[PDB]
Amino acid sequence: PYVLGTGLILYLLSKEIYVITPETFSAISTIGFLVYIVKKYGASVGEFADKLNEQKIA
Amino acid sequence: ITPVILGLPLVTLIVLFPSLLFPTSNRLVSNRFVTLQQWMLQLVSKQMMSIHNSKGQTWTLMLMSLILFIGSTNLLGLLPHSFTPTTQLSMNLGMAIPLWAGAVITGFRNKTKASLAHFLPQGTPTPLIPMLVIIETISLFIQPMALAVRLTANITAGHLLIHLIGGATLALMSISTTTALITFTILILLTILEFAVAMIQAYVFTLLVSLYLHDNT
Amino acid sequence: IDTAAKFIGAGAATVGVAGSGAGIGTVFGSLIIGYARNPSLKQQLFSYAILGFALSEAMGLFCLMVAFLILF
Amino acid sequence: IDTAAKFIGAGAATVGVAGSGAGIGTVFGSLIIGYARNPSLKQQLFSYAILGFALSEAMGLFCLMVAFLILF
Amino acid sequence: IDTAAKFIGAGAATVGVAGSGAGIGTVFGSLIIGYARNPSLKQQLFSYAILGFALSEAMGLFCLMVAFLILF
Amino acid sequence: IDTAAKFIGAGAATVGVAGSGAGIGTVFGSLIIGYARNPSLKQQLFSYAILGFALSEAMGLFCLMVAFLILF
Amino acid sequence: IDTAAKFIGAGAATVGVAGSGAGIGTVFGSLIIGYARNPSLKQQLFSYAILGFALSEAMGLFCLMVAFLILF
Amino acid sequence: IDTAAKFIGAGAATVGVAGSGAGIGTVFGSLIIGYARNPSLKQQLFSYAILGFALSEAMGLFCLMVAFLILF
Amino acid sequence: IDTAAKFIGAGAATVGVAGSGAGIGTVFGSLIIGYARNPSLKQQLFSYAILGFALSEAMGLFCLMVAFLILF
Amino acid sequence: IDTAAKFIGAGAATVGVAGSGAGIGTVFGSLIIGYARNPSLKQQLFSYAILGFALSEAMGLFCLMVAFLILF
Amino acid sequence: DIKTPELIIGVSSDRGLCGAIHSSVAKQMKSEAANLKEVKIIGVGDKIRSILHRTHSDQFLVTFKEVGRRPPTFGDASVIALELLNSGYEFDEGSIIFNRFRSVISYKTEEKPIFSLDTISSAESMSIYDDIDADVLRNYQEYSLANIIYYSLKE
Amino acid sequence: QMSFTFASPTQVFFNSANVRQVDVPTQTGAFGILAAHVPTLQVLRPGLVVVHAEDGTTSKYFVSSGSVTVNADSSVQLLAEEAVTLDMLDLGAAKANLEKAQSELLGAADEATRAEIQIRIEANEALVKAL
Amino acid sequence: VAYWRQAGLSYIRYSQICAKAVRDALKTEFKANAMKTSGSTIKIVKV
């Protein structure tokens, strides 16, 4: 969860610091990012289960 | 200065944290933090290692660094905007030398006259025909190295067309949003479906090609 | 001359989408007869169809990047 | 020149429908040879022929948008 | 400029039929090779070749209407 | 201009016979593959090859009509 | 213009020889993959190879007739 | 004439990407209709698919370097 | 016009070499998928491939002499 | 005129390299389905595929030489 | 069904006529021999090679022994099949005559015909068939030669 | 559906069972022969018989050789020379054989001789493949 | 065709090597049975 939040912040900095698109384009990209999230947050937990168990087993 | 100078350092640091964080995960902590990020290179060492070795461990991590660097570089052009039209193009040209040099390191440096002697002796290039070996030295390097520049420009365009079609769709239907929002919504998501995928597959080409080099090397 | 040849030259680059559209009918058609011999529908076959159409429409998005660079 | 190059430029963009035209005959051709191998006609096979005629007429709709941009 | 470019606009719009004629050869070929494997000829398969030779000529009537628009 | 663009437009329409030429080869090639699978050469399969050369030369006669209209 | 367009119009009909040259590559290809199935090499298949390369070169000899007519 | 013809000269060289567009669909499509016959997917076939896609984007690395030469 | 459009008329006549190049790929492909059935390598299938690549680049030598007539 | 239509003559000569790109996929794609029947990889079929890649990219070399002729 | 206007092969044990096995085929194979198939005989059972054994010291292609002593198995069928293949049959229409057992108390002296003329096996109605190659054809004929063989023998 | 006869001389697995599919690696190829096939004859490549009965289940066997012949009608007869379940098939042997198989191959001879190995290689491999 | 077919062999020959090869394989228990299964208790009489 903490990682995800850090990555979002960095992007925002880049957009503001760097040359920017149109407002409409930008607004959308942010919406576009959101859609992936909801599946992802369930996915991120699932990711967690696999690797640390595979690490623990070995 | 700051903008151009800030962009390349910024790129590095996003790859650097994963590249530091995973080395770090080899004993601590993990809490939430370390294990979370170990996830990043474990996705690299999970996902990309499903393709690698393959060429063998020796080259494997050498190429995976460029693959991750390209995908991460383009992810660092994904997010920032404006960034793709300028900085990602300068990063595509800054990835151009790495893409050229990736064949150079072992191919042209050890055999410039026939870097296909490392890459592909018999295949595309005719091994019976050193002329076709040098000709396809372009289609397996000189060009493929220009393609790797065109490949990022292929992404730039598709990313651009999303912005242009987007901005043109919202410029066309400045309704607030309304029906253009629905399509415009897609047009952004097309940025991921187009650039962020084809970007990836783009470095995947440099992967596989520098694999087919070092795998026969 | 500087604006006229920019409208009839952005039309000749729109004929480069003739390869991305006929190629898409070859990347999906050879997937129709592919799953006809069967059976790996989800994964393997249709997964290779997505990585093929992405490498088919890439010559359509880059050709529409040289089209929109002549009119905008 | 201003009304000339947009009238000959809208004609060159109509050569992008030659890809979707033959690309529609192939996706509906491999479905004719696929259902010849039988028998999952309704659902699976003929339900994918719509997914193959949509990704092929998407470049056609992208080409018919260009020819209508120089015509209106 | 006005009288000339409309003649060099319906000429390049006739190069969109180059898919409707070859794609019909692709679908009617796949029905020619499909009926060889047998036996649904007077039903099922040759009734899908009419649905294929139409969708191919569907980009052959849409392209032909643009060449008839630039002329008259 | 008016007696000029008629010659640089009637020639571009002859590039529409590229689908009629490559459609005749594909419809006959799969007929040569369909009669290689045997056995209904006399009617049924090669009879349908005439019904495939007609629906493929129709997109070549309609394209040759537009080329003849811009020349005479 | 009156002398210029005939030269630009002869080359444009010479692009219609790209359909006849690939339609001969499909008819002789499907005869090369139609003789591997065996055994009637002489007659039937390769006897219809010239009968399939006659209707496909018929689009080329008509196109190179429209290219020569704008030259003489 | 000098700067005007450099705009409708890299646009006609952009329609050369239609060969690489459908050539990548014919190459990857045959690999989807090849691994369906199974089972040498990992290496042998998909490894050869990276040799065929590079030799098809080789013409794409020589046609996009042509239009980028008439630009700057 | 006279010493101009013949230089852009030899460019359009060199587009006819898209059928002699894509006809060789269709010919020298079915004689690679047909020899996979085996075992008529010499004397039969590859011998007919010499007579397959003889009527393929015959439309290309006729397209290389059409461009040579618009130069020398 | 002399410097103008030489730039629009090299561009249409680069469209003749659309046959080699789609010829490269249809020749190295039939060998991607030949080894799927197996097992002549690095023997007969992959050896003839290089002799099929050379016969198709030569029609791309004989077309890029026309594009280099109208450029230097 | 694939039938021509145009071998034979006795099948049994090496051990006597504990039924009318050998004699039956003997009969019907002598019945045969005139008629034209090919007069090639294979005798499974060398008690075949008794009942017919004279110019069935001269009409056989092969004969088989250790017929029983552990009931025949597929292997055998294949075995006998295998060498059979490599035979100077001019693979006419072959017959396999054996006694198909019918029940504890009943058997029937059989024949089946072998579409050894693989070409009848190519012909006709056999067309709709696919994997039609004189390969899988033969290569079924092959397989079936054992299958049948096995069976018959077992019968 | 299909009378699917999955049989082997020794084992009939399915007996005219209205099976939806058998995925079937004839040397012809791997296919999903579905309930009621077209006249076709097939040679069994060693592979698996994946027996999609009308039951969701698809059963594994690895098959050595034989025929499935997928008929004009709806009879499918896998006539397996020997088609066995991985259950009873020993990887330990298979792999071991298989490496060996190539090893032996290296000292083998003619098309046939090599073949004996190669066939095996192929086979054992395809078992190893399978498991 | 094959390295077999053109080595002649047969589908039998092929097959048998498969079949055998399976016999070669299997888990040992099952290998007990092996010899039962498609053995050949024969004298191959040559006539």
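Residues numbered from 1 in each chain as written, not as in the entry; some residues may be left out. Chains lettered and ligands numbered in written order. Part of a larger assembly, values for the part shown. Heavy atoms only, no water. Residues with missing side-chain atoms left out of burial classes, pairs and counts.

Participant: For the overall build of chain C, give the residues involved together with the corresponding values.
Facilitator: Assigned secondary structure in chain C consists of five helices and zero strands. In sequence order, chain C lays out its α and β elements as α-α-α-α-α. Relative to the 2.2 N^0.38 estimate, which gives 11 Å for 72 residues, the radius of gyration of chain C is 17 Å and therefore markedly larger than a compact globule would have. When its C-alpha atoms are laid out on the principal axes, chain C stretches across 60 × 15 × 10 Å. (Helix = DSSP H or I, 4+ residues; strand = E, 2+ residues; numbered from the N terminus. Rg over C-alpha atoms; globule rule 2.2 N^0.38 Å.)

Participant: Just give me the short version of the overall build of chain B, but keep the residues and values in it.
Facilitator: If you tally the helices and strands in chain B, you get eight helices and zero strands. Listed N to C, the secondary structure of chain B is α-α-α-α-α-α-α-α in terms of helices and strands. Viewed in the frame of its principal axes, chain B has a C-alpha envelope of about 65 × 50 × 35 Å.

Participant: Hey, could you go over the interface of chain E and chain F for me, with residue numbers and the actual values?
Facilitator: On the side of chain F, 16 residues touch chain E, which itself brings 15 residues to the contact. Split by residue class, the side of chain E that touches chain F holds ten nonpolar, five polar and no charged. (Contact = heavy atoms within 4.5 Å. Nonpolar A, V, L, I, M, F, W, Y, C, P; charged D, E, K, R; others polar.)

Participant: Give a description of the arrangement of the chains that names residues and reports values.
Facilitator: Contacts are most numerous between chains I and J, considering all 16 pairs of chains that are in contact. Structurally, chain B and chain L remain out of contact, their C-alpha atoms never closer than 18 Å. Taking C-alpha atoms only, the smallest gap left between chain I and chain L, which are not in contact, amounts to 11 Å.

Participant: Break down the interface of chain J and chain I for me, with residues and values.
Facilitator: At the junction of the two partners, chain J supplies 19 residues and chain I supplies 17 residues. Among the elements of the structure, helix 1 (7-10), helix 2 (18-27) and helix 3 (45-69) of chain J are those that each provide at least two residues to the side of chain J that touches chain I. Here the side of chain J that touches chain I gets five residues from one element, more than from any other, and that element is helix 2 of chain J. Counted by class, the side of chain J that touches chain I contains seven nonpolar, eleven polar and one charged residues.

Participant: Please provide a residue-by-residue account of the relation of the copies chain E and chain F, values included.
Facilitator: When chain E is fitted to chain F, the best match, at an RMSD of 0.4 Å, comes from turning it 43° and sliding it 0.1 Å along the axis. Different-surface contact between copies: only 7% of interface residues of chain E are shared with the interface of chain F. (Least-squares fit on C-alpha atoms.)

Participant: Help me get a handle on the UniProt feature "transmembrane region" in chain C, residues and values and all.
Facilitator: In the numbering adopted here, UniProt assigns the feature "transmembrane region" to residues 15-35 and 50-70 of chain C. Within residues 15-35 of chain C, the helical portion is 62% and the strand portion 0%, while the C-alpha atoms at the span's ends are 32 Å from each other. (UniProt positions renumbered as here; feature names shortened; annotations may be inferred.)

Participant: How would you sum up the packing of helix 1 (residues 22-33) of chain I against helix 2 of chain J? Please name residues and give values.
Facilitator: The relative placement of two packed helices is expressed as an angle between their axes plus a distance between the axes. For the pair helix 1 of chain I and helix 2 of chain J, the least separation of the axes is 7 Å and the interaxial angle reads 10°. One finds that helix 1 of chain I runs roughly parallel with respect to helix 2 of chain J. Each of I:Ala22, I:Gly25, I:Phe28 and I:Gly29 in helix 1 of chain I lies in contact with helix 2 of chain J, whose residues at this interface are J:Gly19, J:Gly23, J:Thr26 and J:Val27. The class makeup of the residues in the contact of helix 1 of chain I with helix 2 of chain J is three nonpolar, five polar and no charged. (Axes fitted to C-alpha atoms, helices over the stretch in contact; angles between N-to-C directions. Parallel < 35°, antiparallel > 145°, perpendicular 65-115°, else oblique.)

Participant: Describe the sheet that holds strand 2 (residues 60-65) of chain K, with residues and values.
Facilitator: Paired through their backbone hydrogen bonds, the strands of a sheet run either parallel or antiparallel. The strand order 1(K)-2(K)-1(M) describes an open sheet built from three strands, whose pairing is mixed. In the strand order of this sheet, the two ends are held by strand 1 (41-44) of chain K together with strand 1 (43-46) of chain M, each with one partner. Within this sheet the neighbouring strands show an average axis-to-axis angle of 15°, counted without direction. Bridge count between strand 1 of chain K and strand 2 of chain K: four bridges; the pairing is parallel. Its bridge partner lying in strand 2 of chain K, K:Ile42 is registered against K:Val62. (Pairing = 2+ DSSP bridges.)

Participant: Could you give an account of unusual backbone geometry, with specific residues and numbers?
Facilitator: That bond from H:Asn38 to H:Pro39 is cis: its omega, -5°, falls within 30 degrees of zero. Within the secondary structure, H:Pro39 sits in the loop between helix 1 (18-32) and helix 2 (41-52). In this structure, D:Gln44 is a non-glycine residue whose phi angle is positive, near 70°. Relative to the elements of secondary structure, D:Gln44 occurs in helix 4 (residues 41-45). Phi angles above zero are rare outside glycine, and G:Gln43 is one such case at about 65°.

Participant: Summarise the packing of helix 1 of chain H against helix 2 of chain J; cite the residues concerned and give the values.
Facilitator: Helix 2 of chain J packs onto helix 1 of chain H with a crossing angle of 5° between their chain directions and a minimal axis gap of 7 Å. Considered as vectors, helix 1 of chain H and helix 2 of chain J are oriented roughly parallel to each other. Along its contact with helix 1 of chain H, which presents H:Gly19, H:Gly23, H:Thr26 and H:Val27, the element helix 2 of chain J presents J:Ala18, J:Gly21, J:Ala22 and J:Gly25. Of the residues belonging to the contact of helix 1 of chain H with helix 2 of chain J, the class tally is three nonpolar, five polar and no charged.

Participant: I'd like a rundown of the pairing of strand 7 (residues 66-70) of chain L, residues and numbers included.
Facilitator: Residues and elements named next belong to chain L. Taken together, the four bridges between strand 4 (residues 40-43) and strand 7 define a ladder with antiparallel strand orientation. Note on strand 7: the bridge partner recorded for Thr 40 is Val 70. Bridge analysis of strand 7 against strand 8 (residues 75-80) gives five bridges, and the strand direction is antiparallel. Paired with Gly 66 across the bridge in strand 8 is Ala 80. Between strand 7 and strand 8, which follow one another and run antiparallel, lie four residues.

Participant: Tell me about helix 2 (residues 23-57) of chain A, and please be specific about residues and values.
Facilitator: Over its 35 residues, helix 2 of chain A runs 49 Å from end to end, which matches the ideal 51 Å to within 8%, given 1.5 Å per residue. A bend of about 40° at A:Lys40 is the largest found in helix 2 of chain A. (Expected span 1.5 Å × (residues − 1). Bend = angle between axes of the 7 residues up to and from the residue.)

Participant: Any details on the environment of G:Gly25? Residues and values, ideally.
Facilitator: Take G:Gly25: it is sitting in helix 2 (residues 20-27). Distance in space between the C-alpha atoms of G:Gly25 and G:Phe62 is 19 Å, their sequence separation being 37 residues. Not counting chain neighbours up to four residues away, the residues in contact with G:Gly25 comprise I:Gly23, I:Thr26 and I:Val27.

Participant: Provide a residue-level description of the environment of L:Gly66, including the pertinent values.
Facilitator: Assignment of secondary structure puts L:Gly66 in strand 7. Setting aside anything within four residues of it in sequence, one finds L:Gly66 in contact with L:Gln42, L:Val43, L:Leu44, L:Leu79, L:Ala80 and L:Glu81.

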